[PDB]
Each structure stands twice: as C-alpha cells, then as structure tokens.
Amino acid sequence: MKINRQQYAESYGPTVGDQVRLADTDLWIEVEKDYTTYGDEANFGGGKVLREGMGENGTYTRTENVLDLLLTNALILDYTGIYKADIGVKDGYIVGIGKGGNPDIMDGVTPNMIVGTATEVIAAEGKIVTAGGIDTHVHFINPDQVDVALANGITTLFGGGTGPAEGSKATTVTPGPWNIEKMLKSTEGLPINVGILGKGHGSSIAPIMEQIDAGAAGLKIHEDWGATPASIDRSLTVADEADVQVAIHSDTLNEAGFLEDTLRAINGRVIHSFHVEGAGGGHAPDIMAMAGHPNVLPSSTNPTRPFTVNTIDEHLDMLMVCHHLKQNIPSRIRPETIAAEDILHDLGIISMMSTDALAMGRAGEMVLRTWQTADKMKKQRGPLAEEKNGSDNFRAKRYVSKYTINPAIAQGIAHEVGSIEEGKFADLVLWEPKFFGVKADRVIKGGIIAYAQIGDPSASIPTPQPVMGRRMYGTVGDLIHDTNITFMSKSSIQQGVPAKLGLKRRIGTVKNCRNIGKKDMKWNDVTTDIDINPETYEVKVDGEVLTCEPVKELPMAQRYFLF
Amino acid sequence: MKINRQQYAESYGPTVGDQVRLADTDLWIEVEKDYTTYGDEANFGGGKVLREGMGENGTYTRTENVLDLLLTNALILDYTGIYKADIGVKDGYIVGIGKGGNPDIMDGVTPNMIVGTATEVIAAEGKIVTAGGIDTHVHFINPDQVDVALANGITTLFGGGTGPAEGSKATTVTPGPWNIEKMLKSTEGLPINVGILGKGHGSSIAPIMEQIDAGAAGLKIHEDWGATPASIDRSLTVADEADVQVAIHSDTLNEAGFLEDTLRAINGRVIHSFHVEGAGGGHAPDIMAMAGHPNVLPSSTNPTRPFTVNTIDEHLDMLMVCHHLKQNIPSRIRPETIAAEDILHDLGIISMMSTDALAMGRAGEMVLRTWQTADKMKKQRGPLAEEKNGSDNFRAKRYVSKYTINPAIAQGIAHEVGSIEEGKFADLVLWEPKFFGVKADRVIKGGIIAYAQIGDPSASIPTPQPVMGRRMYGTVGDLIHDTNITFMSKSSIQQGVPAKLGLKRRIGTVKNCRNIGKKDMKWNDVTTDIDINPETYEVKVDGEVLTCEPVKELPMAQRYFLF
Amino acid sequence: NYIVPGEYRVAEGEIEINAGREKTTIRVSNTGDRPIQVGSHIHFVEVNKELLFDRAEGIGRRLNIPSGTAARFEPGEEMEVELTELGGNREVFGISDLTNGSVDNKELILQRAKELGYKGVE
Amino acid sequence: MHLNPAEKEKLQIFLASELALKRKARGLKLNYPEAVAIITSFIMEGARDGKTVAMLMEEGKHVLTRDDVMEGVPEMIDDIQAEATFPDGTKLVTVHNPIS
Amino acid sequence: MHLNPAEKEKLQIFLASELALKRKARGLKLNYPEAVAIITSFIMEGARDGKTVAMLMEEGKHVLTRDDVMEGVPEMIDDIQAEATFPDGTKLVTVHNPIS
Amino acid sequence: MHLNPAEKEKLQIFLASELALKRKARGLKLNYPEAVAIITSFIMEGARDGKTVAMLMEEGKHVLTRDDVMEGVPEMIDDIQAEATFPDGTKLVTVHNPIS
Ligand code: NI
Ligand code: NI
Ligand code: NI
Ligand code: NI
Ligand SMILES: [O]
Ligand SMILES: [O]
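Sequence positions in this view are assigned from 1 along each chain in the order the sequence is written. Entry numbering can differ, and residues without coordinates are absent from the display. The order in which chains are written sets their letters, starting at A; the order in which ligands are written sets their numbers, starting at 1. Shown here: chains from a larger assembly, with each value referring to the shown part only. Only hydrogens and water are removed before side-chain values are computed, so all heavy atoms of the structure are retained for them.

Per the deposited record, the coordinates in this entry were obtained by X-ray crystallography to a resolution of 1.870 Å.

Another point: the overall build of chain A. Every helix listed is a DSSP run of H or I at least four residues long, and every strand listed is a run of E at least two residues long, numbered separately from the N terminus. Summing up its helical and strand segments, chain A has 15 helices and 24 strands in all. For a compact globule the rule gives 2.2 Å times the number of residues to the power 0.38, and the radius of gyration it is set against comes from C-alpha atoms. Computed over C-alpha atoms, the radius of gyration of chain A comes to 23 Å, within 12% of the 24 Å expected from 2.2 N^0.38 for 563 residues, which places it in the range of a compact globule. On the principal axes, the C-alpha backbone points of chain A span a range of 75 × 55 × 45 Å. Taken across its 563 residues, chain A has 71% of its residues classed as buried. Computed by Shrake-Rupley with a 1.4 Å probe, the accessible areas treat only the displayed protein chains as cover when residues are assessed. When the accessible area of chain A is evaluated, it comes to approximately 15,800 Å², of which 50% is carbon and sulfur surface. When accessible area is computed with a 1.4 Å probe and restricted to protein chains, residues below 20% of their type maximum are described as buried, those above 50% as exposed, and intermediate ones as partly exposed.

Our next topic: the coordination of the nickel ion (ligand 1). Residues and elements named next belong to chain A. Any N, O or S atom lying within 2.8 Å of the metal counts as a donor, with the limit raised to 3.2 Å for Na, K and Ca; because water is left out of the atom set, some sites can appear incomplete. The protein atoms that coordinate the nickel ion (ligand 1) are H249 (ND1) and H275 (NE2), at distances of 2.0 Å. A separation of 3.7 Å is found between the nickel ion (ligand 1) and the nickel ion (ligand 2). Of this pair, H249 sits in strand β13 (residues 245-249) while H275 sits in the loop between β14 (271-273) and β15 (296-298), and the two are 26 residues apart along the sequence. Judged by relative accessible area, which is 6%, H249 ranks as buried.

Moving on: the pairing of strand β11 (residues 193-199) of chain A. All names here are of chain A. Most of β11 sits inside the fold, with six of its seven residues counted as buried. Note on pairing: DSSP must find at least two bridges between two strands before they are called paired. The pairing of strand β10 (residues 154-160) with β11 spans four bridges and is classified as parallel. From the neighbouring strand, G159 faces β11, where its bridge partner is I196. Crossover handedness is defined here as right-handed if the route from the first strand over the helix to the second strand goes clockwise, with the strands pointing away from the viewer. Handedness of the crossover joining β11 and strand β12 (residues 218-222) through helix α5 (residues 206-214): right-handed.

Moving on: the packing of aromatic side chains. Between the rings of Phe, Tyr and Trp (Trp by its six-membered ring), a pair exists once the centres lie within 6.5 Å; its type follows the angle of the planes, with under 30 degrees stacked, over 60 edge-to-face, and the other angles tilted. Applying the stated criterion to the full structure yields 25 aromatic pairs over all chains. On the numbers, 5.3 Å between centres and 90° between planes, the contact of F394(B) with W523(B) is edge-to-face. In this pair, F394(B) sits in helix α11 (residues 393-403) while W523(B) sits in the loop between β20 (506-509) and β21 (530-532), placing the two residues 129 residues apart along the sequence. Given the relative accessible area of 16%, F394(B) is considered buried. The partly exposed category is assigned to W523(B), whose relative accessible area is 30%. With a centroid separation of 5.3 Å and an interplanar angle of 80°, the aromatic rings of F435(B) and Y32(E) are classed as edge-to-face. With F435(B) in the loop between β15 (428-431) and β16 (442-445) and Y32(E) in helix α2 (residues 32-49), the pair connects residues from two separate chains. A relative accessible area of 7% means that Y32(E) is categorised as buried. Three or more aromatic residues link up through ring pairs in this structure, and these residues are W371(A), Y403(A), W431(A) and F436(A). The ring centre of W225(A) lies 3.6 Å from the NZ or CZ of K199(A), which sits over that ring. Throughout this description, the term charge over a ring refers to an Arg CZ or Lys NZ atom that lies within 6 Å of the ring centre and within 35 degrees of the ring normal.

Let us now look at the relation of the copies chain B and chain A. Of the two same-sequence chains, chain B is brought onto chain A (RMSD 0.0 Å, axial shift 0.0 Å) by a rotation of 120°. The relationship between the two copies is best expressed as a three-fold rotation axis. Closest to the rotation axis within chain B is the C-alpha of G477(B), separated from it by 6.2 Å. Throughout, superposition of copies is done by least squares over C-alpha atoms.

Right, let's get into the coordination of the nickel ion (ligand 3). Donor atoms from the polypeptide that coordinate the nickel ion (ligand 3) comprise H249(B) (ND1) and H275(B) (NE2), at 2.0 Å from the metal. Between the two metals, the nickel ion (ligand 3) and the nickel ion (ligand 4), the spacing is 3.7 Å.

Of the two same-sequence chains, chain D is brought onto chain F (RMSD 0.0 Å, axial shift 0.0 Å) by a rotation of 120°. By the convention used here, residues are in contact when the closest approach between their heavy atoms is within 4.5 Å. A distinct binding surface is used by each copy, with only 6% of the interface residues of chain D retained as interface residues in chain F.

Attention shifts here to the domain arrangement of chain A. Residues and elements named next belong to chain A. Domains are outlined according to an automatic or database domain assignment. We note that the domain assignment places domain 1 (1-131 + 419-476) and domain 2 (132-418 + 477-563) within chain A. Domain 1 and domain 2 are separated by 31 Å when their C-alpha centres are compared. The interface of domain 1 with domain 2 comprises 43 residues on the first partner and 52 residues on the second. As used here, buried area is the combined drop in accessible area, with a 1.4 Å probe, of two parts when they are placed together. Counting the surface lost from both domain 1 and domain 2, the interface buries some 4,000 Å², and carbon and sulfur atoms represent 57% of this. Between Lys or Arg on one side and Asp or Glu on the other, a salt bridge is scored when a side-chain nitrogen of the former is within 4 Å of a carboxyl oxygen of the latter. At the surface where domain 1 touches domain 2, the tally comes to four salt bridges.

On to the arrangement of the chains, then. Counting contacts across all 11 pairs of chains found in contact, the highest total belongs to chains A and B. No interface is formed between chain A and chain E, the nearest pair of C-alpha atoms being 15 Å apart. The closest approach of any C-alpha atom in chain B to one in chain F is 15 Å; the two make no contact.

A word on the environment of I114(B). Residues and elements named next belong to chain B. Position of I114 among the secondary structure elements: in the loop between β5 (93-98) and β6 (120-123). Expressed as a C-alpha distance, the spacing of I114 and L70, which sit 44 residues apart in the sequence, is 8.9 Å. Setting aside anything within four residues of it in sequence, one finds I114 in contact with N57, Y60, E64, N65, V66, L67, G101, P103 and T119.

Dropping the structure here:
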C-alpha cells in the first residue's frame, strides 16, 4: 500500500525532498532526511497510534527509557540540519532526536524514546520546530518586553538594566553588586532565560570584577560610560580571568581613539562587537570593519535589518530625537554601511542578530527581520552558489544560526541553549509555516509550554476567537523557576550567590568564551579585510566594492500585523 | 411591634415560607426554617447591631468562641436544606451555622458564633449563599480558564493537563511523575483548589502507581490513550490500593469491546463515568446505560446541557472540526440520547455535572447550565411529585447536589469541600438572586474573598462602573497559599511530596472513594435498567420510553451576557 | 507566482508503508449490533470478541493501513482487510491480555482467546 | 455591568472589526487579522440578533470575498470559530473556508 | 497620553456603549449589560461636556425607557453610578431607577 | 487573529482616538490625552495606508491646530511618536511640535 506525497505531507508533515515556503517569503526549505519508519509514524488521538499496547508502551516505568514529552513528526530547522524527526524530552532537556514509540511492535524506535505512561504528546506534524532565539542585546527597561520577545520566538535575554533609568535606557548595563543582586531577584519573576551584564568600565580591576562575583554573566563596554582604552583593557582582563563575554559599543566620537586604537586596546582578545554596522553606535564611520577580524564576534541590532525605503528617514527621525534629548547631536546614519550590512549578513561576515530592545531596537523583531533579510538577499542576489535541489537550505541554515547557536556560543551558554541537539535544554518553538518567523504557535521552556497563540478561555475548545499570545502554565506559580535559567559567572556560583539571594531558578554556568573566535561562528565564519572609505563611506571586502539598494515592501509585514 | 413580611424581607432577607425566584428562570426556592431570633438579627453599619457592648462582644479574645468572619442573614441553598442562618467561619473553616452575635444581651446565640473584636462581617441579607462548585472534568489548557470558573461560582478544579499540548487538549491527564511535579508547582500560582489526575493507562502496575506516589489525586482512563480492558483493569487495581478515584472516557470505537466488555473489565469496582450521555465520548451508541449501574458514579459534561434547538448543529459543527484535525471521523451526536439526558438528570439517574473545560465544554457554565436544565424540566414535566407549598425546593436540592456535594463525594474530598456544613472548608459563593447561577457576587476561598464583581478601583466607593469580575486579596502574595487546597493521594502525602517540592498550599487528602456507589449520590441515587436501542437509539428506563424535545430559548442567557 | 503563505511543494512519487513486511488478506465480520472501528496498530487478534475471523491469522499482525487511521465495520458488515506484521521485538502486552509476551506463543494466545469467547478460534 | 472574563475579551474582537471595516471603507485590501476580526464579529452580532447556528454557518462564507483581501489571505484562513450567547445559550459557530 | 488605570478601564465602558448603541440601532431590545453601558457612557460624556452633577442625575433617567430594553431589565437596574472628571474635578453621579 | 502584545495594546489608541473625534465633533476643545490619541492614531492608519515615514512626519503637523485644543495643550505636546507596520516593516514616526 502506498500514499501519494501530497496526502502523506498533509497527515504527517513533509518528508525527504518535499519543500515548504517560509511564511510569505520566497524562501523554500527542503527536508534533508527523515528518521521515521514509513507506516510506524507516531501520532496521538482517537484510534491513533500512541495508545497502550500499541505505539504507547504499557510496561516501563518512567526511568526505563520513557520520555516525559514527545513532539511527533517535527520539521526541524537548525544549524545542524533541516530534517524530519520526533523530539523526546525528559527532565526538561532534549534527550532524543529520532523516532519515538514502542519497541514492542514498531521498527526503528530510538532506544531512549519510548512513549510510556509518563509521556505527554505534542503533535508537531505540519509545524516547523526551531531552537528558542537567543537575544544578547537586551535593555531591561520595561517588564512588558518579555511577552513581546516570547511572541516572536525568543527564549533567552542577555543584556542589562534596572528599568527606565537613563543608564539602562542608553546601555545594556546593570551596574555594581547591589543593582545586580536586585535584578537577579527580579529575574525570579520573568518567564524567560536571563543573563545580566555589568558595567565594563573602570581603571582598577576590583570595581569591575566585583560585579562578576556578585552574579553578572558578562560585561558591556558602552561609550556613554567612557569607551576608553582603559575601560576596554580592564574589562577584557576581567573577562579573561572570569571566563565571561564582553560586549562593546565603541567610541562613536573617536574622542580617545579611532577604530585602530580600540583594536589595539583589545589586543587580540575575544570581544562581541554590538550593532557592528554603527547606526546603533561606534567609531564613525568605519566601525563595521570590526567584522573582518578573527577575534571579533560581530552582531547586528535589528532596526537597520534589512535595508528598506523608510530605513534612513526613521533613523534620521531617531537622531533628531537624540538631539532633543540633547545628546551632542548637531556621518552617523549611512546608506552605504546599511546597504553593505545586508550583503555582509548574506556572505557570513556578520555572525549574529540581536534586538537592542527599547534602546534602539525592537524586542519582538529579531527573528522576524532575520528572515526578511534572507528573503531580500535571495530576491537581489539570487540563490547562493552552495544551494542545490532548488532549495534555500544553505541560506536558511546560515540565517537561523544568527539568532540561535551563534549568540549562545558567543555568550558562553551554548552547552545549555541555542540549538536542537541532544543534551540541551528543551527550549523549543513551534511555528505554523504560514506564520513562520512572525508569530510563534507554542513556546516550550524547559519542557513545558510557557507561551501560546490560543483562543477564548471560556470556549468548548481552545481555537475560537480571540486567538492571541498568552502565558501558559509554565509561567505560573513555582513552575516559572523550573522552566527558566538564570545564567551566572563561575565565580558567583562558586561563591554561593544563588543561595545567598534565595534564587530558585535553574542556574546556568557561563563558560568557554575566551578560547573562541570568528571561526567558531556556525555557517558565519568569514574573516576578511573590510575597508570603509573615510570620505565616501564606500565599503570594500578584500578590495571588492559592496553596493545594494533598499526595497519598497517586505514579506512578513502588512499581511500579518494589525498595526 | 410587628414588621410586615415585605419590609422584613427587604431588610434582613426572606424568612420561613417566603420564596425567591432563581435569576430569570421559573424556579422558586422557599425558606424551610430560620435560625434567627426575631428582633435580634445581626447586621453591620452605622447605628446597627454589631457594635461593641451590643451585638458585638467586647470581652472575649479570639479563642473564646469568637469568629474570624460572620456572614449575616444568609439564604443557604444546599443539599442539606434551603434555610436562613448566619454562617460563622474561623481558621478558614465553617465552624457554626446558626445565629451569631453577643450572648451578653441577645437570645438564641449559637455558643461558638460570638462576634468579637476579631470578627469581620459580610452582609448576606438578600443574597443566596451556596457551596463553591466542584468541577471534576477540567482540562488544564490555558491559565485564563481559572477566572472564567471563579466568575461562575466554581472553587475546585479536578482534572489534568500540562497546557495546550495535544494530550492535554484531548484528555484530563497530567502524565507521569515529572509532569505531575511540574503541575503541582504551577498549582502554587492558581487561585482555586486543584486535584490532578494521572494517565490511567498501562499493562503493569508500577508505571501507573508511580503517578499516585508522585502526587496525583486520581486517574483518568481515556480512549485516546487506549481505553482497553487492560488499562481499565490496571487503573482500578491501582485505585483500590491507593484510595483514589478513576474517571473513564470509554472506547467509542468499540475496538476492543462493547459497553458490556468495559463493565466486565470494571468488575463491580467504583468508577466515575465522564460525559455519560456519550457526545463527549464513549461506547457508541449505548454508553449512557452506564448510569443505571450501582458501582458507577455518572456525570454529564455541559455542552449537551440542556437540550436546545442549536445543540445538534453545534455538535455536528464540533464533529466536522474533529474530522479536520483528522481524528478518524468519516451515531456519535444523537438527539435521542441528549433528549433523554435531560430527563435522566431530572429523575436523579445522572448524579453530577462538570464542564469538560476547553476540550469539549465550557469552564464557566457548569453552574449556569445546571439551572437552565432544572428550569427546562419544570417547564416541560411540571413540578416534581415530591414538591409542596408550590416551591421547587426538591428539584433545587437535587440539582444543586450535581455540582457541589456529589462531585466531592465521588472524588474522595467531601470531608473538606462540596457543601455548607460545619467542619468544612469555607469555600462560599454569594449570589444576588437576580444573577443567581449566572455571575457570582463574591467568591470566598478558605474564609477570604478571592474573586468579586466590583467597580472602579479609583472611585470614592466600589460600586461605580465598570463593575466586572476581579481577583481580590485572597489571591495576592502568600495568601493564595492559605486560601486554596492542593488535593493529593495518601501515599504522596505520606512520602513527603509537598515538602520535597516546596508546596506551600494547604494539602488535602483524597480518601474514602473505593467504598461508595450510586447510592451515596445525594438526591441522585437512582439505579435502574437503561436500554438504548442499537438501531433507533431509543432510550428506555425500566422498560418505559424516554422522549423529550429541545427548546428555542433559555433563561440565564441573552438578558445577562454582553456576547 | 501567486503566494500561499507556508505552502508545501511536495516531491514526486509515493511513500510505501510497512515496506518489506509480509501481508495477509482475511475476511472479518462484525457479528455485533453496534459499529466497530479498528485502529492501525492494535494487535489484530485482540480486537472486539464479536468480530468473527480466523483469530490465528490475527496473531503477530495489525492492519496494513496508514499509521493513525482505522477500518470501520457497521453492525452485520463483513469485509476483507489486509494485515501486515508487527515489528520491533514482536511482543504485545496489555490491550485484551491475550498475549502478554512474544507473539510466537500461538497456542497460548488462542487458548486464552477461546476461553474468553473471542469469535473464530479453531 | 458585571463583565465576566470572556465578555471583556470579546469587546476587543468587536473593536478590531470596527477598525478593519474603516480600513475596508477607505479602499484597502484587508489583511489576515482584519479579515478574521470582521467575520468573527459578524458571527457574534449574528447570534445577538437571534439567528441560528446553521444560518451563521452559511452567511459566514459570504461576508468577505477574495477581492476584499490581500493575496494569500483566503488560503491562510481555513476556519473561523466563535462562541456567543444565542437565545438558547452559548453555542459554537465554525465557518469553514470563509473566503473564496 | 499618560493613561492612568481608571482611564484605561473606562475606555471599555465607552466601547461597550458603542456596541450597545449599534444593537439598538438595528432594532434589538437591549439587555442588562448593554443598558448599563449606554447610561454610564452617557454620564461620562456628559461630565466631559461640562454639565453639572445635578443635570446628569436628571438626564440619566431619560436615556433609555422600558420599551428600549428586554423584559425585567428595568427592575434589574436599581442604580447606575459613574465617576468622571467634571470641570471642577472628579465627582460621583448616581442615577436612581434610570429606566421606567 | 494571532494578536501579539503590541497589537492588543494599540487597539486602545484607535479606541481613544474614536472617543476624542466624537468629542471634537460635538464642539469640545480637546485636551492633552485626546489630542495625543488623535494624532497617534492618524499616524498608524497612515502607515496602514502605505504612506511613507516622510509623508506622515509632514501630515502629522496639520491634523489638529491650536483652536482645536484647550489652552496650554499645544505647548504640552513637544513630540508624538508611534511605531507601525509600513509596507516595508515596522518604522518609527516622530512628529515634532504637532500643534501650533
Ligand atoms: Ni549600543
Ligand atoms: Ni543597546
Ligand atoms: Ni472525554
Ligand atoms: Ni474531557
Ligand atoms: O545600543
Ligand atoms: O472529554
């Protein structure tokens, strides 16, 4: 007996060779392989397979290889591949990617993916499943920002802030032991993973280091606190000893040095370069040259992403506003660098996306703009050379890496989060293809759903209107502790800061981020000579001129959004 | 000096012999007796009775027979009677039903119902007071469902689920030790009483039993997990040893057996039969015959309640939707059984109501539909034989039992909740007669108000618009722990699960539910031979044909609801 | 050129289910007066007692239909079905309690089936 | 008023539908959420009018047509569901494929 | 805008009143919440107009009559109260027995 | 509909603008929040229409004039900002000194 492909895909989701459109873009992903055994697919409901003595094992206790949760028939889009598999979760972690069910009667069942009495089922047939997004440029300014981030598929916020204080409104900084303590305690109430950056500023070691010891997960050097050679040097000395990441927003004014002076202060050490294009801040006009260096982990913030007809006007708008806050604003907003930034993303020269949430970037549009950028580059440059089968798999993997694995690697947290791999924490986002990258269906945090687009709570079923994003049981009562991770420095963990503050959240250790570089950025590992003409702002890559133009319209926009 | 009855009732609420209309139905309840001493009624305000040295005792410390809370002049509607009394609460429990005040100067004061310095007052003159509703068919799918349930007078949710996972969306199941642990911790944040059911599925004892030991309060057998003879048998063996209830949704497909096979697997053991009519699931077409057996505790879910002109169309709607989820849907939705279900409720053959919240039933309409059903039966059948004085007291007690005491008894929690009796937890709902069964005035949880229809928080007084349901102080901070009960199996309590998980809520013990049957269902204790014709679906009770028709309009509907 | 958001473009061809496993066609009658649906993965010998068929031919097997679908028998209806072999360890536990071990134990299964009145045993 | 949670939420649907209808009246092709809001509010107002579930299941297929909405929107909307208080209590309306 | 909590809540009353007025305009007898919304919003818009508390106490008895509402609704509504910002600050309006 | 948090919040701005426009239509000089709501909703509807950021920056200075608002309101409003979905994605509009 055979099933034609069309019916197969509409019952179990697509299989090898089938392609799926991402939202309303022209990007197509193709299933590269499938872990299933045809005819033994798992599924759940009346007269279906996951029933006792059939696809559900009736014998084994929870320890006997039995899952807490099976996502059935998921189409995984990840740096590691685009493929079809069941995903098994246990103790809040991904334990198995393969084929789930009952070895009593089914062939090809991954040994630790038994569906037993202890197993919950999520049907992912017809969905795309990705890792949760990792946003490493967050300003903690307004708690309402968390649901905004969840609704667009973000599960980890790294950054700084104490709320709408001017320091926090300008910089991703929680300054000093006491502010850090207060925000670690606040974090207890936020249904998302968090890591907090201290102020990367000082001319002695101790004022800086004491923030790492208090529980910071990294540091932020920002021009508004003095992005001087001294603060750069001291912060990187601290980071090399504490094994945490430093993010930099460099001296736009070129007051104490030009870009070459900042690189000299860095002295070959690892650093994450924020909003590398420079509209968001940094050495005018040439900061973007950072992205060519092997010791630099380069991210974009999202408002320049990608380059559109309104981009400049709105940034000129944004500069007026800065003048009105009277911020030394009589160069800064450059079509040449914003255009080039599109192409650098496509070439794998800028490795990461991030938001810049509420300071100069949009908490809920990291994932959204990543795909708009990929789609614009396909429209303008065409399929990448590396593609085949007519799919966009290569570009899809390069782009998905920018907001999942690469931020995780740069931050020192990729052992926990950032990709759908065995052994990693079960932060997972389900997407209907029609909404992919726009509005997440269900956000799983530590193996429990935390957030979902779901309907009327008084109704006979959950689908009647109004369907909107809502916090689910993972966020309620004490379960918020078990489903979310506070990331902290090794020294604060060793010194017992969690117990000293009463933290009940899972504690993640930041590590292995001093011993990495550009080469470690998955699919985005290009080092090169970037030249930015001081007079014309013309961008060259290894002597070749980079040029693009803005587009009038984007997908993943007015078809979807009520405002 | 005498007060005519009209003025008496408008100052103190009605007294013996007076009748009150339930909302806009044609049901009348009559005060059967009154605990008061005429002229010594308690009341609170300027120049009123509960003042120091007068109706308030100025001598006694809180331990000396003094109440924490007196509800004055309540009209109680309960399985135990419809009558007028003051209700006294202390340490979060009902300690006295009688006559409250000061034995210094008042006659007839119940000895442990002194109003003293420690006493708070709620005026219940002119209100109807009932026990909180006990919903034993809850799917935990969206936390927004809790306020929906509170607004319609429900105070205990028994059921299962991990949020909008397909397992939970189909079945009242929290599967396995870890899911159960996570949801017990979630429960810490839900302002309502909760008990959690594990998966009643397995062919070995241990995979099932380990869920009871982890903290489940009962089990659910559901066809979608395999409602086979083995899973039925193993679950009831577990339940008989652990003293918890099993709920069943049987094999609609008749795949492994017909109804007689399911009864044989049950083997005379106690079981709660969910949505016994069968639209909600179960042996097609004859499941409803379950409700005649002495070992079966039968409930209805609410969408078939009661039978109306739109009922079938909407259920046909609901079946299309199931086909579109592609659930083996090319018999199921039967006017003959839905009609008969009306009459079985009226006859005391179906003992309980429940919602089926968010899976095929409405979280906030258990109480609402109970009264719509009673009202329809009075309109069609007329007063029951047992009535007198022209009142509907007998029918009102049979119906109030369906959503208060009978679910409590079936679940093994009636020592704590389910009726207004001395010694029980102070879960109480105040209703204005005009809104009775539609929108609760104030919901009391463990002696503190948890939820209330109340107005503008910025106003000089609490009654200005907009008046809407809102969570009150009982739900805020740590008070949520003290005002709500997590019900758990004796073995999980004995094994220290509350301390092991950090639960701070009051822990209720599930017990005495293996040693009960149909005869224990208050006012609803009828056993009989139910015949369902296999060809015509005609329903007979002891050889007599049951026949009814749908109505075009219901009370407690468009007069009240904004949508 | 018309864009359907999230649409599939499936590859050409067909998927064969249960490839390489023996298949067997048998006749089955619903002798009961109520409908019976049978799911793709129930061990076929353990179906409702009132289905009359050669029970021996149900051992170690299940319906050869797409995973998660069901065959339907109206009251009185007799029809053919195609069976495929169980895979994995070829063990069955629970369901109707006829096997509780290897499906190789044919005589034990049939003896339990016959004693409990599953129609169509020798 | 005694608003319960659903009554408060559902005011939003009416509001979104008013917004969408103004957008349609000034000549815009409607998007996915606008279209959903319009058809949903039509259903709830229909039930308030006392129509039957069967009537609203038919009428709901003719509230917006493909020329009223952006490209792809008809195919994005497979069903629209709404619960509302009919003269005989709350019932569920599902409109399958509302826009062709 | 600087909306405070009451300003945000009270937008709902205006919205419910718009909904109710559309229902009345298409010929429906209004229910309990619709009637309350209409009279309440009338009061708040009245105060915004600069009328006095005394004026709104009188006028509020003549916004809806029994023939505008379902059976029993006049007797369900004993009072309607609303606070709003008058030219001289927030004041409370109570309209006793608004519908006969 | 799949409303996200901002979509739900922004319905409020449209609603406040409808309320304010009714107040203006019956002859009232508008206050600080009413004025902000009107100009903000104008911007968001403008972006929905497909206008550019530059157009809305100009037009926003001419939606209300001093004679439309109470004394002091022009000087209380230094800027009005709104983000909305343009055909090319979300952008920020700032209107400086919208009322003279
Ligand atoms: Ni910056
Ligand atoms: Ni920033
Ligand atoms: Ni059920
Ligand atoms: Ni259910
Ligand atoms: O930034
Ligand atoms: O159910």
